[PDB]
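Listing of coords_31.txt, compact mmCIF, C-alpha atoms and all ligand atoms
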# COMPACT_ATOMS: atom_id res chain seq x y z
CA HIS A 1 0.00 0.00 0.00
CA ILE A 2 2.57 2.64 1.10
CA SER A 3 5.72 3.07 -1.01
CA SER A 4 9.15 2.29 0.40
CA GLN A 5 10.05 5.91 -0.41
CA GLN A 6 7.42 7.05 2.12
CA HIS A 7 8.44 4.48 4.76
CA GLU A 8 12.07 5.63 4.41
CA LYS A 9 11.09 9.30 4.52
CA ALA A 10 8.86 8.89 7.60
CA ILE A 11 11.49 6.89 9.53
CA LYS A 12 14.23 9.42 8.69
CA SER A 13 11.90 12.13 10.02
CA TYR A 14 11.49 10.40 13.40
CA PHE A 15 15.28 10.73 13.90
CA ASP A 16 15.37 14.23 12.37
CA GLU A 17 12.66 15.48 14.80
CA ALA A 18 14.51 14.19 17.87
CA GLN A 19 17.62 16.07 16.80
CA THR A 20 19.86 13.06 16.78
CA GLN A 21 21.55 10.77 14.28
CA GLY A 22 20.82 7.06 14.13
CA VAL A 23 19.50 3.90 12.43
CA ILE A 24 17.13 1.06 13.09
CA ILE A 25 17.89 -2.29 11.46
CA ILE A 26 14.85 -4.57 11.06
CA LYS A 27 15.13 -8.27 10.22
CA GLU A 28 12.30 -10.17 8.51
CA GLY A 29 13.24 -13.81 8.28
CA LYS A 30 16.75 -13.62 6.85
CA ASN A 31 16.49 -10.15 5.21
CA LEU A 32 18.00 -7.04 6.86
CA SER A 33 16.60 -3.53 6.29
CA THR A 34 18.29 -0.25 7.34
CA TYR A 35 16.37 2.91 8.28
CA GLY A 36 16.96 6.26 10.00
CA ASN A 37 18.77 9.48 8.99
CA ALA A 38 22.34 8.08 9.24
CA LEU A 39 22.31 4.79 7.36
CA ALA A 40 26.12 4.45 7.51
CA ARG A 41 26.02 3.79 11.24
CA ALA A 42 24.89 0.22 10.49
CA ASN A 43 28.33 -1.39 10.36
CA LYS A 44 30.19 0.91 12.77
CA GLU A 45 31.25 -0.30 16.25
CA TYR A 46 29.88 1.11 19.53
CA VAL A 47 30.10 -0.16 23.09
CA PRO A 48 27.00 -2.29 23.84
CA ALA A 49 26.33 -0.62 27.20
CA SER A 50 23.39 -2.13 29.09
CA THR A 51 22.41 -4.10 25.98
CA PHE A 52 25.11 -6.40 27.39
CA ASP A 53 22.84 -7.12 30.34
CA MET A 54 21.01 -9.65 28.18
CA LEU A 55 24.15 -11.76 27.58
CA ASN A 56 25.44 -11.14 31.12
CA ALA A 57 22.16 -12.60 32.43
CA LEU A 58 22.49 -15.60 30.05
CA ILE A 59 26.06 -16.32 31.23
CA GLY A 60 25.21 -15.89 34.93
CA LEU A 61 22.22 -18.23 34.93
CA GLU A 62 23.85 -20.84 32.67
CA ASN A 63 26.85 -21.04 35.00
CA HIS A 64 24.83 -21.00 38.25
CA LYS A 65 26.08 -17.64 39.51
CA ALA A 66 22.46 -16.63 40.21
CA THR A 67 18.78 -17.67 40.42
CA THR A 68 15.76 -15.91 38.85
CA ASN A 69 14.20 -15.59 42.34
CA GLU A 70 17.42 -14.43 44.08
CA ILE A 71 17.37 -11.05 45.82
CA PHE A 72 20.49 -8.93 45.30
CA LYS A 73 20.60 -6.80 48.46
CA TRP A 74 21.35 -3.09 48.05
CA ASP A 75 24.63 -2.35 49.84
CA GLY A 76 23.23 0.97 51.14
CA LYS A 77 25.64 3.24 49.24
CA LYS A 78 24.27 6.39 47.57
CA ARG A 79 23.23 5.43 44.11
CA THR A 80 23.36 7.83 41.17
CA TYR A 81 19.70 6.91 40.47
CA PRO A 82 17.49 6.46 43.62
CA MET A 83 15.43 3.84 41.80
CA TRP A 84 18.55 1.62 42.31
CA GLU A 85 18.69 1.99 46.13
CA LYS A 86 16.67 -1.20 46.70
CA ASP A 87 16.94 -5.00 46.70
CA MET A 88 16.08 -6.62 43.38
CA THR A 89 16.10 -9.71 41.17
CA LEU A 90 18.00 -9.88 37.87
CA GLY A 91 14.55 -9.29 36.35
CA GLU A 92 13.75 -6.05 38.14
CA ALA A 93 17.36 -5.02 37.42
CA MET A 94 16.78 -5.61 33.71
CA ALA A 95 13.82 -3.15 33.59
CA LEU A 96 15.55 -0.55 35.72
CA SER A 97 18.89 -1.15 34.01
CA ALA A 98 20.51 -1.45 37.49
CA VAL A 99 24.22 -1.59 36.60
CA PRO A 100 25.34 -2.38 40.21
CA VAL A 101 23.41 -5.66 40.07
CA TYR A 102 24.90 -6.48 36.67
CA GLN A 103 28.34 -5.64 38.02
CA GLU A 104 27.81 -8.04 40.94
CA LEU A 105 26.82 -10.72 38.41
CA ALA A 106 29.95 -9.98 36.34
CA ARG A 107 32.09 -10.31 39.44
CA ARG A 108 30.45 -13.65 40.31
CA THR A 109 31.10 -14.93 36.77
CA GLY A 110 34.67 -13.58 36.99
CA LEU A 111 36.94 -12.22 34.24
CA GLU A 112 38.13 -15.63 33.07
CA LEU A 113 34.72 -17.26 32.60
CA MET A 114 33.40 -13.97 31.15
CA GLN A 115 36.13 -13.93 28.46
CA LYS A 116 35.52 -17.54 27.49
CA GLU A 117 31.71 -17.17 27.30
CA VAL A 118 31.92 -14.07 25.11
CA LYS A 119 34.37 -15.77 22.70
CA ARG A 120 32.07 -18.86 22.66
CA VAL A 121 28.99 -16.75 21.81
CA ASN A 122 31.03 -14.61 19.36
CA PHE A 123 29.46 -11.32 20.54
CA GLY A 124 30.66 -8.15 18.79
CA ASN A 125 34.47 -7.74 18.67
CA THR A 126 34.59 -10.29 21.54
CA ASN A 127 37.35 -8.45 23.54
CA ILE A 128 36.48 -7.73 27.18
CA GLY A 129 39.96 -6.61 28.36
CA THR A 130 41.01 -6.75 32.03
CA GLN A 131 38.14 -5.02 33.90
CA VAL A 132 35.34 -7.62 34.38
CA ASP A 133 32.94 -4.94 35.64
CA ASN A 134 32.79 -2.09 33.13
CA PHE A 135 33.86 -3.53 29.74
CA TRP A 136 30.38 -3.17 28.34
CA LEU A 137 30.19 0.51 29.41
CA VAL A 138 33.52 2.00 28.35
CA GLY A 139 35.16 -0.64 26.16
CA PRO A 140 36.99 -2.49 24.83
CA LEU A 141 33.87 -4.50 23.93
CA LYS A 142 32.22 -3.07 20.81
CA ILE A 143 29.51 -4.30 18.44
CA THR A 144 27.74 -3.11 15.27
CA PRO A 145 23.96 -2.46 15.00
CA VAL A 146 23.85 -5.26 12.41
CA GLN A 147 25.48 -7.58 14.91
CA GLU A 148 22.98 -6.47 17.58
CA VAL A 149 19.86 -7.34 15.60
CA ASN A 150 21.52 -10.69 14.67
CA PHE A 151 22.13 -11.35 18.38
CA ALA A 152 18.46 -10.45 19.04
CA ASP A 153 17.41 -12.76 16.23
CA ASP A 154 19.43 -15.59 17.74
CA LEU A 155 17.87 -15.04 21.15
CA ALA A 156 14.28 -14.60 19.95
CA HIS A 157 14.64 -18.02 18.26
CA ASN A 158 16.65 -19.65 21.03
CA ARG A 159 19.61 -20.22 18.71
CA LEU A 160 22.20 -19.02 21.20
CA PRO A 161 24.59 -21.60 22.75
CA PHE A 162 22.80 -21.92 26.13
CA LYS A 163 20.06 -24.14 27.59
CA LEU A 164 16.60 -23.40 26.24
CA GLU A 165 15.56 -22.87 29.90
CA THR A 166 18.24 -20.18 30.33
CA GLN A 167 17.06 -18.39 27.18
CA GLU A 168 13.39 -18.44 28.25
CA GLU A 169 14.43 -17.29 31.73
CA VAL A 170 16.20 -14.25 30.24
CA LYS A 171 13.50 -13.53 27.64
CA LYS A 172 10.73 -13.34 30.30
CA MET A 173 12.84 -10.49 31.82
CA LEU A 174 12.63 -8.45 28.62
CA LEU A 175 8.96 -7.65 28.01
CA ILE A 176 8.52 -3.87 27.76
CA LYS A 177 5.25 -3.22 25.86
CA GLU A 178 2.09 -4.89 24.56
CA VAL A 179 0.62 -2.93 21.63
CA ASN A 180 -2.27 -4.02 19.34
CA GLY A 181 -1.79 -7.70 20.37
CA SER A 182 1.97 -7.85 19.71
CA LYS A 183 4.66 -8.02 22.39
CA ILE A 184 7.85 -5.98 22.43
CA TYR A 185 10.87 -7.66 24.02
CA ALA A 186 13.97 -5.49 24.18
CA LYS A 187 16.75 -4.00 26.33
CA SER A 188 17.88 -0.38 26.26
CA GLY A 189 21.48 0.75 26.47
CA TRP A 190 22.89 4.21 27.25
CA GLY A 191 26.66 4.57 27.01
CA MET A 192 27.41 7.68 29.08
CA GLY A 193 31.12 7.20 29.71
CA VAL A 194 31.96 7.21 25.99
CA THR A 195 32.33 10.24 23.75
CA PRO A 196 30.08 10.79 21.91
CA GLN A 197 27.37 8.94 23.86
CA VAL A 198 25.59 5.99 22.23
CA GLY A 199 21.99 4.82 22.71
CA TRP A 200 20.52 1.40 21.94
CA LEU A 201 17.23 -0.41 21.93
CA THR A 202 17.59 -4.03 20.87
CA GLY A 203 14.99 -6.81 20.92
CA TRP A 204 12.11 -8.12 18.82
CA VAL A 205 8.38 -7.96 18.22
CA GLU A 206 6.39 -11.15 18.77
CA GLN A 207 3.18 -10.71 16.75
CA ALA A 208 -0.16 -12.43 17.41
CA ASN A 209 0.48 -15.05 14.67
CA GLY A 210 3.79 -16.09 16.30
CA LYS A 211 6.34 -14.54 13.85
CA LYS A 212 9.21 -12.68 15.55
CA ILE A 213 10.54 -9.44 14.05
CA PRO A 214 13.97 -8.46 15.47
CA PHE A 215 15.28 -4.88 15.49
CA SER A 216 18.11 -2.73 16.72
CA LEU A 217 17.85 1.02 17.12
CA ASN A 218 21.08 2.90 17.63
CA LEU A 219 21.66 6.66 17.83
CA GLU A 220 23.84 9.36 19.40
CA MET A 221 22.58 10.59 22.78
CA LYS A 222 23.29 14.32 23.38
CA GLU A 223 23.41 16.06 26.79
CA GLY A 224 19.84 16.41 28.18
CA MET A 225 17.74 14.17 25.91
CA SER A 226 15.20 11.84 27.56
CA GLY A 227 16.06 8.11 27.29
CA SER A 228 12.49 7.25 26.18
CA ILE A 229 13.01 8.88 22.78
CA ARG A 230 14.80 5.58 22.04
CA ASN A 231 11.51 3.84 22.75
CA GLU A 232 9.39 6.46 20.99
CA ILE A 233 11.36 6.38 17.72
CA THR A 234 11.40 2.58 17.77
CA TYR A 235 7.63 2.41 18.32
CA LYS A 236 6.74 4.88 15.53
CA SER A 237 9.03 3.00 13.11
CA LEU A 238 7.61 -0.43 13.92
CA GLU A 239 4.16 1.10 13.51
CA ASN A 240 5.05 2.88 10.26
CA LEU A 241 6.12 -0.47 8.78
CA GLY A 242 2.96 -2.10 10.18
CA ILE A 243 5.05 -4.51 12.27
CA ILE A 244 2.82 -3.37 15.14
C1 LIG A 301 16.02 6.70 30.93
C2 LIG A 301 17.17 6.90 31.93
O1 LIG A 301 16.74 7.67 33.06
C3 LIG A 301 17.88 5.64 32.46
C4 LIG A 301 17.73 4.40 31.62
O2 LIG A 301 16.77 3.70 31.32
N1 LIG A 301 19.03 4.41 31.40
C5 LIG A 301 20.01 3.56 31.11
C6 LIG A 301 19.99 2.55 30.02
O3 LIG A 301 19.01 2.51 29.23
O4 LIG A 301 20.94 1.76 29.88
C7 LIG A 301 20.97 3.89 32.01
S1 LIG A 301 22.40 3.04 32.23
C8 LIG A 301 23.69 3.82 33.18
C9 LIG A 301 23.88 5.32 32.99
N2 LIG A 301 25.26 5.58 33.51
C10 LIG A 301 26.10 4.36 33.39
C11 LIG A 301 27.37 4.52 32.50
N3 LIG A 301 28.59 4.48 33.10
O5 LIG A 301 27.32 4.66 31.28
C12 LIG A 301 25.10 3.29 32.92
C13 LIG A 301 20.53 5.12 32.78
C14 LIG A 301 20.12 4.74 34.20
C15 LIG A 301 19.36 5.69 31.98
Before we go any further, please render this structure as structure tokens.
Amino acid sequence: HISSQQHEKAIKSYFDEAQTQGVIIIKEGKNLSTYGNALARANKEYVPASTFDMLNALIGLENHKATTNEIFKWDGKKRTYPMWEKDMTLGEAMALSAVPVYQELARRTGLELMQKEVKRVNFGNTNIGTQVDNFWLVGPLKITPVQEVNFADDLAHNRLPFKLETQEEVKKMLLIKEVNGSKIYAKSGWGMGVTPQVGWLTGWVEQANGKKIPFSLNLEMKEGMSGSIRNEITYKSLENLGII
């Protein structure tokens, strides 16, 4: 019905109007489409930031460093975001993007096991360096938007090298919206200790019929933008292409 010229124009506009630069890669079956107002970002490397939480969770549960019911006690230190100053499960930590909890998990896994697991899964550039607790925030781990949607495709279809149980455990943590009768599973990332800042929203749509449509939005965050513009742009784009 609508031409691809209009889809492309509309999706470019969503990025234009938020005063950023970025892309969203969508995958339908085995076919990858690139949209936004900066198409050349697609194969450039950025730190994954809290998008890593997904894999971190996978590794931790697979290797029995945590339980889905386990309560990570707040240590009582002042937290940069007060929504973090509480006890939570990996699940609650996923929604809140509670880095302290994910750092605990990283420490439990340990640098050695972390390095092996990330080679094994072949995630991004696969280098995690020497600091087990911040590699996903400031480097040297980097990944492309194309890689991210492929990782999201793997996970949506349970193709990652981990028990099915582990995958389902981690996926249940990822539900962020129900729209129309479709479900949006995804994780945000905001890389604040890199210059310029990067923003991510990776996951998939599970439609009523059962098909799964993976996506990765990636754009530059600039000082004093709201994090939800990542969501908003993603939603409009999925809706423009009638994926929701
Ligand atoms: C919407 C917004 O308030 C909140 C949110 O969501 N964000 C995310 C996210 O999507 O990864 C983070 S992560 C954190 C920021 N500083 C840490 C760092 N060294 O980069 C990592 C914020 C808490 C920001």
Quiz prompt | Spatial neighbours of residue 128 of chain A, max dist 7 Å, only C-alpha atoms, sep filter under 2 positions, as a PyMOL selection string | solution = chain A and resi 115+126+130+135+140-141
Those residues with C-alpha atoms, as a PDB file, in the frame of the given file please?
ATOM      1  CA  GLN A 115      36.130 -13.930  28.460  1.00  0.00           C
ATOM      2  CA  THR A 126      34.590 -10.290  21.540  1.00  0.00           C
ATOM      3  CA  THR A 130      41.010  -6.750  32.030  1.00  0.00           C
ATOM      4  CA  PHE A 135      33.860  -3.530  29.740  1.00  0.00           C
ATOM      5  CA  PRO A 140      36.990  -2.490  24.830  1.00  0.00           C
ATOM      6  CA  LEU A 141      33.870  -4.500  23.930  1.00  0.00           C
TER       7      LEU A 141
END
Would you tabulate, counting only C-alpha atoms and all ligand atoms, all residues of chain A that have an atom at most 8 Å from an atom of ligand LIG 301 (chain A), showing the closest pair of atoms and their distance in Å to one decimal, sorted by chain then ascending number, as a Markdown table?
| residue | atom | partner | partner_atom | distance |
| --- | --- | --- | --- | --- |
| A:49 | CA | A:LIG301 | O4 | 6.5 |
| A:50 | CA | A:LIG301 | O4 | 4.7 |
| A:51 | CA | A:LIG301 | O4 | 7.2 |
| A:81 | CA | A:LIG301 | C14 | 6.6 |
| A:95 | CA | A:LIG301 | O2 | 7.8 |
| A:96 | CA | A:LIG301 | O2 | 6.2 |
| A:97 | CA | A:LIG301 | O4 | 5.5 |
| A:98 | CA | A:LIG301 | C14 | 7.0 |
| A:99 | CA | A:LIG301 | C12 | 6.2 |
| A:134 | CA | A:LIG301 | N3 | 7.8 |
| A:137 | CA | A:LIG301 | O5 | 5.4 |
| A:138 | CA | A:LIG301 | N3 | 7.3 |
| A:187 | CA | A:LIG301 | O3 | 7.5 |
| A:188 | CA | A:LIG301 | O3 | 4.3 |
| A:189 | CA | A:LIG301 | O4 | 3.6 |
| A:190 | CA | A:LIG301 | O4 | 4.1 |
| A:191 | CA | A:LIG301 | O5 | 4.3 |
| A:192 | CA | A:LIG301 | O5 | 3.7 |
| A:193 | CA | A:LIG301 | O5 | 4.8 |
| A:194 | CA | A:LIG301 | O5 | 7.5 |
| A:199 | CA | A:LIG301 | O3 | 7.5 |
| A:200 | CA | A:LIG301 | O3 | 7.5 |
| A:226 | CA | A:LIG301 | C1 | 6.2 |
| A:227 | CA | A:LIG301 | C1 | 3.9 |
| A:228 | CA | A:LIG301 | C1 | 5.9 |
Quiz item: Which residue gives the smallest distance to residue 93 of chain A among A:11, A:114, A:170, A:184, with all atoms listed in the file counted?
Solution: A:170
Find the axis-aligned box for segment 192-202 of chain A, covering all its listed atoms and adding 4 Å on each side, and write its centre and edge lengths in Å to one decimal as JSON.
{"center_x": 24.8, "center_y": 3.4, "center_z": 25.3, "size_x": 23.1, "size_y": 22.8, "size_z": 16.8}
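Using only C-alpha atoms for every distance, the candidate list A:13, A:37, A:127, A:197 yields A:197 as the residue closest to residue 223 of chain A.
Nearest-residue note for residue 75 of chain A: choosing from A:15, A:104, A:31, A:57, the minimum distance belongs to A:104, counting only C-alpha atoms.
If you look at atom CA of residue 234 of chain A and atom CA of residue 100 of chain A, they are 26.9 Å away from each other.
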